[PDB]
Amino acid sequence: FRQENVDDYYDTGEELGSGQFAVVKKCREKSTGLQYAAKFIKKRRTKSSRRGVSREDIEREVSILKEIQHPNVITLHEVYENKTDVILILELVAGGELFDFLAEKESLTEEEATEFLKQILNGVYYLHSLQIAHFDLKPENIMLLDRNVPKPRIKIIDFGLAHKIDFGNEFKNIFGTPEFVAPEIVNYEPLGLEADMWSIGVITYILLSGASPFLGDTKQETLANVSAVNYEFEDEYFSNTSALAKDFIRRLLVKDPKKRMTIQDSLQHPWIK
């Protein structure tokens, strides 16, 4: 990573958002005048510390980002590091959240939505081809490059929990928002590409109905619902949803990961064609 001072080449600006471990600010590259999204990740000081992110976890997120290159995935521009932080100069998005964009339009044809879901599936497809499990697929991580265009492109913007599946030993923890994680995760079981697919199933469900399939009033209720895979298509929301759509969701939200559709099967699915 570049050991120089970010402030020497970029002019940080307004804060765009915060996370338990990071804070992304909008910056302007001095020599080009181009805008970027600088993500500040505070380093872990001690192995016993519960604060910050271990340089290994940072290493992992940087390598992944450095490897990927797809229209539906954020791109990494530069990486700076100082005494306390590791700054990732990331591509800057302007369209906002996908779900904020859709939730501003009138009715959204079941097909008009599939066009967006198709984009997501691609990005995931790309990632999975390189054997990369995103592990943090959720609305908040799905924005739009530009919202003032004929066919706005979606971008998977975060890669913190992203893991490269290596033959041999595996990981077990690494889980994100309860509302979107898969049962394998909750029960701390062997993880794979299946988790991402479960996530996709949840996205599509919310995408079409506007309701979460496992969102409890409290983190514990949710995890409980997820663990029990007790979702349902209540006629109050899924009354104007095709049979194929529900089938598509059913094949994704299944407890046994081996029986759960894969990114390829989902693209071959008749609801996507």
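Numbering starts at 1 and runs along the sequence shown. Rigid core (definition): largest C-alpha set, two forms, superposition within 1.5 Å.
- Displacement analysis by core superposition in 8 other deposited structures of this protein ranks 107-115 above the other of 196-204 and 107-115 in root-mean-square C-alpha distance from the shown form.
- The stretch that moves more in 8 other deposited structures of this protein, judged by CA deviation after a rigid core superposition and choosing between 206-214 and 46-54, is 46-54.
- Note on 43-51 vs 58-66: mean CA B-factor is higher in 43-51.
- Per-stretch averaging of Cα B factors for 124-132 and 110-118 places 110-118 on top.
- Of the residues listed, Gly96, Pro183, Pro150, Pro139, the entry assigns the biggest Cα temperature factor to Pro150.
- Take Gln35, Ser31, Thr204, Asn230 and read off each C-alpha B-factor from the entry; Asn230 has the highest.
- Sort the chain's modelled residues by C-alpha temperature factor and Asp256 lands in the highest third, per the entry.
- Placement of the Cα temperature factor of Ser199 within the chain: lowest third of the modelled residues, per the deposited record.
- Per-chain ranking of the deposited C-alpha B factor places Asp265 in the highest third.
- In the deposited entry, the Cα temperature factor of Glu170 places it in the highest third of its chain's modelled residues.
- In the deposited entry, the Cα temperature factor of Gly160 sits in the bottom third of values across the chain's modelled residues.
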